[PDB]
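Each remark here refers to the structure printed beneath this line.
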Amino acid sequence: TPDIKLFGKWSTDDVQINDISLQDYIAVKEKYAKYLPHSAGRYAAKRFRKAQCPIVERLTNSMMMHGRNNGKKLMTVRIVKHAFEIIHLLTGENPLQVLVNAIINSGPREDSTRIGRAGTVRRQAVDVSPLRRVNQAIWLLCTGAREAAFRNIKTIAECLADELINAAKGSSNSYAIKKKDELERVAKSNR
Amino acid sequence: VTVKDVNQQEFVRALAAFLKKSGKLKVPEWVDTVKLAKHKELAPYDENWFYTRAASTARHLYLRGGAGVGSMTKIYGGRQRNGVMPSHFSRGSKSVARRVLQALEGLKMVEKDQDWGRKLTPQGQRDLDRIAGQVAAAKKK
Amino acid sequence: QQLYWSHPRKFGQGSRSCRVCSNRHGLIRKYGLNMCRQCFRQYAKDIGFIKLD
Amino acid sequence: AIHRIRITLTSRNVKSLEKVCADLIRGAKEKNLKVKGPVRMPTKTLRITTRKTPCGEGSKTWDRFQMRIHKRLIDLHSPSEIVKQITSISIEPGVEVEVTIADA
Amino acid sequence: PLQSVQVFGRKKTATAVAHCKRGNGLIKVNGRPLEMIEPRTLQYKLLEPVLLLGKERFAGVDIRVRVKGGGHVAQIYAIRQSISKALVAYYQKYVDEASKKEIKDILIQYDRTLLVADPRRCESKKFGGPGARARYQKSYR
Amino acid sequence: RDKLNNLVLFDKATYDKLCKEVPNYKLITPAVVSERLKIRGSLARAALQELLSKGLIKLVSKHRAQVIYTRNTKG
Amino acid sequence: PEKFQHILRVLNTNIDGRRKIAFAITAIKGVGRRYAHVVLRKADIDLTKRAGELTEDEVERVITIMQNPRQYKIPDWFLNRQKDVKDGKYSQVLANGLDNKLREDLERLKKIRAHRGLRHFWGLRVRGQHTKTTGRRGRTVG
RNA sequence: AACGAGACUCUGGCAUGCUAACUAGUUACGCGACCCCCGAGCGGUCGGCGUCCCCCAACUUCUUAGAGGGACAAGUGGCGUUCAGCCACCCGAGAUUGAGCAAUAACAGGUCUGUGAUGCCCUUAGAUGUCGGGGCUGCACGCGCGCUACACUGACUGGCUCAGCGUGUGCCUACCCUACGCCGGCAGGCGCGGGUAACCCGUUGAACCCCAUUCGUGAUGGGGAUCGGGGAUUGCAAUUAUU
């Protein structure tokens, strides 16, 4: 508090969680603030140990895929500093509040699975863990920007920051909020 | 200051400028026909490359105890793409670096010192630290 | 014999052999060894090496 | 005269080596020649990694062999006579010894 | 007496021996200021203990560090781990227990292996595949 | 791939729009100028450098692979 | 600004004013990117602007500095051809003359009827390469 | 009761304890010398930056290698027949870091082209045992292991900055690793010097990474296949292009 750490420009207070079903699986402000999203980390060796490391750190981790960006985590932090910068200018909100909203609006609430009966495909609708919601929601919105910048004049920074605006709002003009409702649309059917 | 106390990306780009201002250096004939290292695919983007490389040369002599033409090349060498074949390391040109060191030595900021190898002249060490404080005075480190 | 009975071999495969059977190709040159890999194994225990890892 | 004489030991067996080093440090200390203890040098690895099959067939397997030599050296400064006296005594196992004329 | 206590840091082969000697200010690493050390994107990280603890634990020391080993990243964690640990040891030994006990509690709150060394190191390649656990493709028929 | 073409020299309308986009835009990058106009990305790079010399826009961040510009900090 | 001109024709190939000067010139055969960044600097002009921004006075000088490279002190080793063979000099060959020169050397190696011309005429690889699993195309299988 | 299992051996993670170091370092000054006011101050003096200078200085944290110690489900709380154990937690480095070695019995598995290991059969002077030059690379197809790419999370050009396992002439019948100086755009040539190696090459100043220019979504500068012309090095010889 009298030694409160920012991101080097952003407050980690004034960050809400608008679920009681996803608070304490978002890590952003209990003492999870850090100036960077790089650490040695422990993300393994016990099942309940992933939820104890920041959301901002998780974000940096999950956007380094496709076989040529692995082992280039340092380049990834470059993309995150521009992302938040653009988000703050663009709408005016503290860009962490943007990200938390974006996660909460994108998480699917029911999903389907397989079951083998009579040698024919039957499907069953099931619910999801809070830990599952977070894992899915971080994956989905990152997939949008990764796809978009794959032959465009637009850079990966621009694409990613745009995608967090439309996710944080209920706009439904994003790769995340599209696919979220697609899954639920299946789950209704084979319920 | 010591050159360590200031930024070094900034140091060289001002040390190069110092030389080019003062009419310093003797420059080879070849300067628009030069690949500037074996592994490079194209000629320099800059015509002032002789001045630029002399900056980086003189900086290293301050730091390490100084060594011959071989070691200078080893500092400069990088990765060589081989097309379909996978990459390898290589060490660049020699005759460019041998002219760089000899041009500096012409101003007597370098000299073949003890144990057969170049070392930076005490007059040379003076001039580095002279503009080293100008960098910190100018902007502010 | 006369002026033909031989052709210079002083580099490459035909100018080295091995000391336990004079076999070529599969052999270990390293450390001054000159032993063919099939036979090297059988004299491995005999002062030389021992397995440890 | 008193010459700085360096006795290098080298072997393949760490037990057999070390006790013979202790003996040579003893014989020196007995006559108070102001010897320096062992300076144990980095152990070096000879490796041979080759096929286990004669005439390839079956899964590809290899086998790491290693021999570890050991070097260590004791520095003496004393007359060269009494050195060659104490050197030649109390050595039984296969362990090599190398006597040096002088050192700086 | 002559106040000097030495520590080291580790992270996957990268030693950084940091002596803490009485003084005031003037912390360095490799005879350079730690206000720039050159990836400088992870610049906030090595500064992190100094910034978080304030300048009032660094109100009577010069700490200087020599390094070797590791890559660009692992060096940053080594130097950070060493200067942090240096500070703790210095207060335990020439000041008092309750001096360092506070400071120990502060660091271990936001622990990031600031008082311990990462055990993890690389595992050996065994044949029949690249890497230490991956295997070449296996074709049936 | 698609077929598209961009303008590699300036015209009247490009310059005039360039002066009037400034108070209306919070973000200005060369990429966004590529889309709103029909203009090449390196042309658009230098076009924004001109505006900064006038003081119409303000730099806020810089990189090798990106440059960001803002309005006049008037909201 | 600078609306003056765009796409133009020079010797034997049409060169756009759309692209940067050096890279624009490369389309002409016998001139690579490496060959052009030299010749522009001997001509002492910018390479930091478009090819449509050059004037007629300037481009007239370009072709002269190109086609007499030894006389403007570009080294001999930096040319396409050193002692062509049976012509006796260092030479630099450009677009439509390149093809004519090339077709001669093919004809020559079937004139003497070396191994080379036979491989050329049969449509098989000249250099040491396997053709067992290479080339394909193909079809007609058993 | 026995074998295999574990035990064992090697390897990795823990010691400011022990043993001792010009073929390993550090610290401390003495410094004298260079350097800049670079910091307090003034430029003196005091301090900072490294090198030569360092010692019959002090030390062994860092490097090295030997003996030892440390880890046990030990402690606590649950759970279990309250047994064998299991789960969580404290302490702290969690009892599980990775390999080596590996049974009985079997296969008509592979290898007579490793063997001066070997049975039998065959051939043996017009020889299946030697020289010359040619082939094992020959291409309508098919299949397998890989390598490089399809770009902007990029390429290109400058600038900044970090390692580890090894290896090396004195060997077979003849050969090594290379610093340094000079000449050449480059490949390379040439003159001198060290190293039997914790001593010399080499404080192995490696790459991705990092920072700033240029290119602009275009089969484009992405890609470098194919192919023309020319220069070097190895060898007795390079043609089907050794590199």
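Just so it is clear, none of the values below were taken in a lab; they were calculated from the coordinates. Cβ: placed from backbone, ideal geometry, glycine included. Neighbour counts: every protein chain shown.
Data for the structure
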quantity: Residue count, the range E:34-55 (criterion: more than 8 Å from every other protein chain (Cβ to nearest Cβ) and part of a loop (DSSP other than H, G, I, E, B)); calculated: 5
quantity: Residue count for the range A:145-160, restricted to those that are within 10 Å of chain F (Cβ to nearest Cβ), part of a loop (DSSP other than H, G, I, E, B) and of a type outside the set (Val, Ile, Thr); calculated: 3
quantity: Residue check, A:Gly170 away from every other protein chain (no Cβ under 14 Å) and free of Cβ contacts under 8 Å to residues at least 40 places away in the same chain; calculated: no
quantity: Number of the exception - G:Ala95 against (1) more than 12 Å from RNA strand H (Cβ to nearest atom); (2) without any contact (Cβ under 8 Å) to a residue 60 or more places away in the chain; (3) away from chain B (no Cβ under 14 Å); calculated: (2)
quantity: Pick from the range B:10-56, criterion within 10 Å of RNA strand H (Cβ to nearest atom) and within 16 Å of B:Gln134 (Cβ to Cβ), ranking: farthest from the other protein chains (Cβ to nearest Cβ); calculated: B:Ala16
quantity: Any hit, the range B:122-135, residues being over 22 Å from B:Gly65 (Cβ atoms) and either near RNA strand H (Cβ under 7 Å from one of its atoms) or under 15 Å from the mean Cα position of the chain (by Cα) (or both); calculated: yes
quantity: Index of the failed condition, G:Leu118 passing every other in (1) more than 19 Å from G:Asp84 (Cβ to Cβ); (2) of a type outside the set (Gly, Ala, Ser); (3) near RNA strand H (Cβ under 6 Å from one of its atoms); calculated: (3)
quantity: Tally of residues being at positive phi and either exposed (fewer than 10 other Cβ atoms within 10 Å of the Cβ) or within 8 Å of RNA strand H (Cβ to nearest atom) (or both) across the range E:107-141; calculated: 2
quantity: Residues being within 16 Å of RNA strand H (Cβ to nearest atom), of a type in the set (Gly, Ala, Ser) and buried (at least 20 other Cβ atoms within 10 Å of the Cβ) - total across the range A:54-109; calculated: 1
quantity: Residue check for G:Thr64: within 12 Å of RNA strand H (Cβ to nearest atom), of a type in the set (S, T, N, Q) and touching a helix residue (DSSP H, G or I) at 6+ places or on another chain (Cβ under 9 Å); calculated: no
quantity: Any chance D:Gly94 is over 30 Å from E:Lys138 (Cβ atoms), among the small types (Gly, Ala, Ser), part of a loop (DSSP other than H, G, I, E, B) and within 14 Å of another protein chain (Cβ to nearest Cβ); calculated: yes
quantity: Filtered residues of the range E:73-123 (kept if of a type in the set (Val, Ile, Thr) and within 14 Å of chain A (Cβ to nearest Cβ)); calculated: E:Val73, E:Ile76, E:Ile103, E:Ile106, E:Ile108, E:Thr113, E:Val116
quantity: Hey, A:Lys50 surrounded by 12 or more Cβ atoms within 10 Å (Cβ to Cβ), of a type in the set (D, E, K, R), closer than 25 Å to E:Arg120 by Cβ and within 14 Å of another protein chain (Cβ to nearest Cβ) or not; calculated: no
quantity: Selected residue (only one of E:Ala59, E:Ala78, E:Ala117, E:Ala98 is touching a residue at least 24 places away in the same chain (Cβ under 8 Å), in a helix (DSSP H, G or I) and aliphatic (A, V, I, L, M)); calculated: E:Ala78
quantity: Members of the range E:62-72 found to be within 14 Å of chain A (Cβ to nearest Cβ) and assigned to a loop (DSSP other than H, G, I, E, B), listed by number; calculated: E:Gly70, E:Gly71
quantity: Every residue from the range D:19-29 that is closer than 12 Å to D:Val95 by Cβ and in contact with a strand residue (DSSP E or B) (Cβ under 8 Å, 6 or more places away or on another chain); calculated: D:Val20, D:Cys21, D:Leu24
quantity: A:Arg42 being part of a loop (DSSP other than H, G, I, E, B), away from chain E (no Cβ under 14 Å) and more than 18 Å from the chain's Cα centre (by Cα); calculated: no
quantity: Scope the range C:3-43; condition over 14 Å from D:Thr50 (Cβ atoms), within 6 Å of RNA strand H (Cβ to nearest atom), surrounded by 10 or more Cβ atoms within 10 Å (Cβ to Cβ) and more than 9 Å from the chain's Cα centre (by Cα); matching residues; calculated: C:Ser15
quantity: Members of the range A:87-113 that are within 17 Å of A:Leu6 (Cα to Cα) and either part of a helix (DSSP H, G or I) or touching a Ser or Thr at 6+ places or on another chain (Cβ under 9 Å) (or both); calculated: A:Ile87, A:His88, A:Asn94, A:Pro95, A:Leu96, A:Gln97, A:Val98, A:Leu99, A:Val100
quantity: Lone qualifier among F:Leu37, F:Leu9 - being touching an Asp or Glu at 6+ places or on another chain (Cβ under 6 Å) and not hydroxyl-bearing (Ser, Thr, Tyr); calculated: F:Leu9
quantity: Subset tally (residues that are away from chain C (no Cβ under 14 Å) and either free of Cβ contacts under 8 Å to residues at least 12 places away in the same chain or within 30 Å of C:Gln42 (Cα to Cα) (or both)) for the range D:58-91; calculated: 8
quantity: Out of A:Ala45, A:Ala27, A:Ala40, sole residue that is without any contact (Cβ under 8 Å) to a residue 40 or more places away in the chain and in contact with a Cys (Cβ under 7 Å, 6 or more places away or on another chain); calculated: A:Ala27
